[PDB]
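So this first bit is one chain, no partners, the form deposited in one PDB entry, shown in structure tokens.
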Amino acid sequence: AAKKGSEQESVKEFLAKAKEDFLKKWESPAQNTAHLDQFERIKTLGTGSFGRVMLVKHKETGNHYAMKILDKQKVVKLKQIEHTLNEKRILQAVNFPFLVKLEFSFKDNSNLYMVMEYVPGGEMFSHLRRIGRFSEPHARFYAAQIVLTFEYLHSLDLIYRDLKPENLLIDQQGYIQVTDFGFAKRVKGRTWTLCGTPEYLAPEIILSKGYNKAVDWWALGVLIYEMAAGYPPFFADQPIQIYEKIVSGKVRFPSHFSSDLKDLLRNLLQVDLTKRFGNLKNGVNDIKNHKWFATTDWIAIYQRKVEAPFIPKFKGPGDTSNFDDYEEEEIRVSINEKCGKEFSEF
């Protein structure tokens, strides 16, 4: 994990080129690259606090996309203006196999719109709950992709802050694509916002301590645990009870967990920041070189050359069988511009 040879220099090279590309787009964001009327709206794929994600068809090309719709007035009420500007500014600038791609963004009088690649395989969440739990080899396959994605994001000074099965879509190759950057932030040093999902919050977030990218690595610990066990390491009926468990410093593992998996998780679910994997001198390499990942070929994973655990069912284009059904609601566009100043850079 401490070794610095040829392999680590190839990674550096890749990340250096990646940052060059990202910074150009970060400093000069794309804006207003489509219009609502260019899309045929088909069906709701999911919902959040500010609006919904809908399956759409682009009229001029016939391509399907997933269009995230945010109501500007609701974003303001929830005090998510800056977070929403973060989300779009970051998404239009990044480029990685395991991140859902932003194809277009635009806004009208009422709403903000981010048109993303449609990932037809559904949420990992759906598959995980249905099958109960993943085998360790299957969990490892998914986990490896998140490790590389965080290595990428963190190198760009980005923190992701909402890792969970709900935000991981399975594509037609059986690989993961991360969605929802609503809490992603570019920060060098410390930040303090209380955000995320209760089950996945690191101790330092709960205790209002000021934190950094180490919270993403704690969250990876929670994700791997939930994938392999079928339930989270800290769960209860109410968030407050979940937080008490998270800060207690105690964690129990299923008896079927291998000793290697348990060791990795004890190092990720580490309340002590000076001891948490991903946050030490060796950085992500403590994770990449852990025995649990000994069979993982990181390059082959990135190149999508490794055989996936499963390929989602596919009944032609536009099929949404892998997604739950949601109550449909008509998109209304006011005749007056709302919150123009607040979202001017969007």
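Residue indices: 1-based, along the sequence shown. Note that the rigid core is defined as the largest set of C-alphas that superpose within 1.5 Å between two forms.
The next section is about a form of this same protein that is not shown, the form deposited in another entry.
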Practice item. Have a look at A308, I301, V284, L36 and give me the residue whose C-alpha moves 2 Å or more between the shown form and the other one, with the fit done on the rigid core. Key: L36
Check your understanding: Has the Cα of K213 moved 2 Å or more between the shown form and the other one, judged after a core fit?
Key -> no
Review point. Is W26 among the residues whose Cα moves by 2 Å or more between the shown form and the other one after superposition of the rigid core?
Key: no
Point to revise | Core superposition between the shown form and the other one, C-alpha change of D108 at least 2 Å | key: yes
